[PDB]
């Protein structure tokens, strides 16, 4: 169970480091930056997908599971990376993307040819309605219908994501066997585990029932299908049980009850899952604009949600801890201050997360406080934006252009995908060429070089949080109790382990706040383990908190 004690660094490789100068981050670039990641202190790297792919969804549309996309390199580069990771005592986790393939995968190129093609049932084909329309009213996560018509065979195929991402038919045992072969191919070559892309979607309701009623709907049927956990238990039996591996499922649609199904060790499924419930607190529940209908940051909602996951998986299963990935904006821009208080704010969110029970995930650039971009809408790359613009602004007019732009400036996935900022030179030192997407305009002030030269950097704060997790067993194995539950500024909680107490107090606001210890804790003596402000005190019975002040103390 080394995965319980791990800290994971997530790499989005096309934006991490470009070794050959074409503006596209590559595998040799990752290799050159492994020493940086090890010095930070992560011991597991999760690579977003580098498999061959036409890049309709930047690698999450896979056309060959057993070869690299040309701009990342060759399998020989991938094998070298695996060796270089292991040489440094680290582990490498790959992205398993098996809810769907590219429509340019050989399986689909065969499948679509005819209803009697041997690969026809590798995907999900349905007749039109009598009037020619789609089999049902299901929507794609990237706007529009979940179905696309094939003129040649007169049937629609299903895609929860883009039209170039047809969903695999997991009802077909041959499909499941192909997936397990891919897993064994890579695990036999040293891959230490898998992050499983939208694993909550692999089981469908084969009736494809309409949602109740907007033309296209995404809801309860898009995840948690009737055979989901049967399939994952099979995957464990056939593959995962045969390897010393780590698994994290990207569990779309997960609540805390579903998380127990996924992560209870006695169920022999996965080690941990990503949920979206803490990421969902700033969208309206059921707007036609989905994620783009933004609500202000609500700390009470964050506290209640994260607390439900800490208590729900306190003594069974295991949590993941994240605020950032390649699908989320920079958290300090989204929910905090990314200007005069950027360093304090970045360290505050880091303290909230890393003081909890679970496996922390650091997204590339989070550890230096990277921020959202001011680039104009036409410089965004993500197909999600182009498609939502068409549906929400042009066709349905449920958002004005101005409000859509404002929402994309807060939540667009490309705020995670601008190049990693290594120094204040050209293109922040990401590339000698022309980057595939613009470098954030603030890179001269925010970059790895200045971070390593500044003892007060966010980077060294993250490095210390990781050191503390390795030093203080209470951080890995202590229980969890929310304090000051209804305080709208202060996120405070207590971990307990073998008579020790860990107190975490974080002001997640720009204004002065007040922490008062619960009365039974007022006479404890504390050693401050970390704070984003200087501390010289052993009593924490009341703390007058400055903007974004974070304190972590251990009882003595």
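Positions refer to the first chain, counted from 1.
- According to the record, 1 to 3 deposited residues between residue 213 and residue 214 are left without atomic coordinates.
- Just going by the entry, 23-31 versus 66-74 on mean CA temperature factor gives the higher value to 66-74.
- 492-500 and 524-532 differ in mean CA B-factor, and the higher of the two is recorded for 492-500.
- Of the candidates 363, 208, 460, 443, the PDB record gives 208 the highest C-alpha temperature factor.
- Per the PDB entry, 396 shows the highest C-alpha temperature factor of the residues 305, 447, 396, 252.
- The PDB entry assigns residue 269 a C-alpha temperature factor belonging to the middle third of its chain's modelled residues.
- Residue 299: CA B factor lies in the middle third for its chain, per the PDB record.
- Compared with the other modelled residues of the chain, the Cα B-factor recorded for residue 59 ranks in the lowest third.
- In this PDB entry, residue 337 carries a Cα temperature factor that places it within the lowest third of its chain's modelled residues.
- Remark: residue 290 belongs to the highest third of its chain, ranked by C-alpha B-factor as recorded.
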